[PDB]
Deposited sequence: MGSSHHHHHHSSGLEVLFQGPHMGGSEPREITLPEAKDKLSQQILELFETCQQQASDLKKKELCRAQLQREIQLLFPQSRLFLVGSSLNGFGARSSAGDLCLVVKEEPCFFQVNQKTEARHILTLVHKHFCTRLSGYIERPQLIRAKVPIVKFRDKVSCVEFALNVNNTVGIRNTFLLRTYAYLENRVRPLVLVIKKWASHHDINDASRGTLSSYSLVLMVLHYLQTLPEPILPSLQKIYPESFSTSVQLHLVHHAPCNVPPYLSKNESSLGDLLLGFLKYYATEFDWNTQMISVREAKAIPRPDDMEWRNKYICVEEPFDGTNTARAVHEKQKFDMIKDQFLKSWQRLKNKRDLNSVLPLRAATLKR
């Protein structure tokens, strides 16, 4: 059902070329799913009722070929001990096909490992079920409009190049960037994206069971927007909007309501510079950005990239096309 929107300008043609040269291919997903099934079978030995779920770029439609696999383990402090036991089991019995399994401290503790057969790393979290939901909510947004997936990919590639795309380093997480892209598409004068949670609350409700969650996108009809902007024009609008137009200090990005919402007066949101509302739980996906240096770096980089793209309507100004 993939459809490529009409390209009038050179920048839009280049964005489509990047989308075609970096679009996650079916083979990559297959290697990831194969590993997920074997890992689930291996853990099921440790926890008979456990279920291993692939979440993130791999299944939300915004993946790239170099994109790593994200695993969510579901079981019927509990998460901490279970993750440590999984890491130990991974070292003791699975050393043959798992390379250098690594336990990394984070808000959501995960285990980083590499599949030797597929040459693909994996990040596994235990019981962070909200990720399963946002994966398929994001997947629905990804295929709702033809320009969503290419635009997300060029912005994701652009951010990673300028080293503003790492939550561990204090910059924007890929989830936050995606949400920032979706919000821009939602709040345009001609709306490109609606609010899936508002329009179809039944489909994305927290009550739906996890195994029933992945079914939300198939049952949702597509959206036709009146926007006539090209991919390059949309990229420039997004770069201009987050560089000069969006007020980080006074506003919070909410994809849940499909509109900018004033920051809550409570103490959790007050300190933070960048406010992005997770649709399922009321938390900040931009919580990693906590340093003024990192915050200033992101803002200056957004404006710099917007400037260079305006002067030269070429992707090379902000993103190098040397590798393709």
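**Q** Mind pulling out the bits of the deposited sequence that never got modelled, as residue ranges from 1?
**A** Those stretches are 1 to 29, 106 to 116, 365 to 368, listed in order.
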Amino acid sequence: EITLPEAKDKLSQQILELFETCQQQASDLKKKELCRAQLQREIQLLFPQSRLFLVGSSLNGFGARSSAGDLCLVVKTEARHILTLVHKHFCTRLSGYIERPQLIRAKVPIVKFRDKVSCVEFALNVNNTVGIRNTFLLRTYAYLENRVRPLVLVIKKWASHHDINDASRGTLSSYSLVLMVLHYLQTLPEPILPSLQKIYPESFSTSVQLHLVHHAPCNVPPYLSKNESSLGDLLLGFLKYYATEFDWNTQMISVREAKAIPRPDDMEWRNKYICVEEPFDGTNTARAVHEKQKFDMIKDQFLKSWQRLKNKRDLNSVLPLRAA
From here on, numbers count along this sequence of modelled residues.
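**Q** Would 86 to 94 or 152 to 160 have the larger average of its C-alpha temperature factors, as given in the entry?
**A** Result of the comparison: 86 to 94.
**Q** Between 203 to 211 and 129 to 137, which has the higher average C-alpha B-factor in the PDB entry?
**A** In the deposited entry, the stretch with the higher C-alpha B-factor mean is 203 to 211.
**Q** Can you tell me which of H183, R147, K112, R80 has the highest Cα temperature factor in the record?
**A** Answer for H183, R147, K112, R80: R80, with the highest C-alpha B-factor.
**Q** Per the PDB entry, which option out of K272, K294, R36, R256 has the greatest Cα B factor?
**A** Highest C-alpha B-factor among the listed residues goes to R256.
**Q** For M267, return the chain-relative third of its C-alpha B-factor as stated in the PDB record: lowest, middle or highest.
**A** Highest third, going by the recorded CA B-factors of the chain.
**Q** Sorting the chain's modelled residues by C-alpha B-factor, tell me whether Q24 ends up in the lowest, middle or highest third.
**A** Lowest third - that is where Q24 ends up once the chain's C-alpha B-factors are sorted.
**Q** Quick one: classify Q49 as lowest, middle or highest third of the chain based on its Cα B-factor.
**A** Highest third - that is where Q49 ends up once the chain's C-alpha B-factors are sorted.
**Q** Please say which third, lowest, middle or highest, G282 falls into when its CA temperature factor is compared across its chain.
**A** Ranked within chain, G282 CA B lands in the highest tercile.
**Q** Would you check the entry's CA temperature factor for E245 and let me know if it's in the chain's lowest, middle or highest third?
**A** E245: CA B-factor falls in the middle third of its chain.
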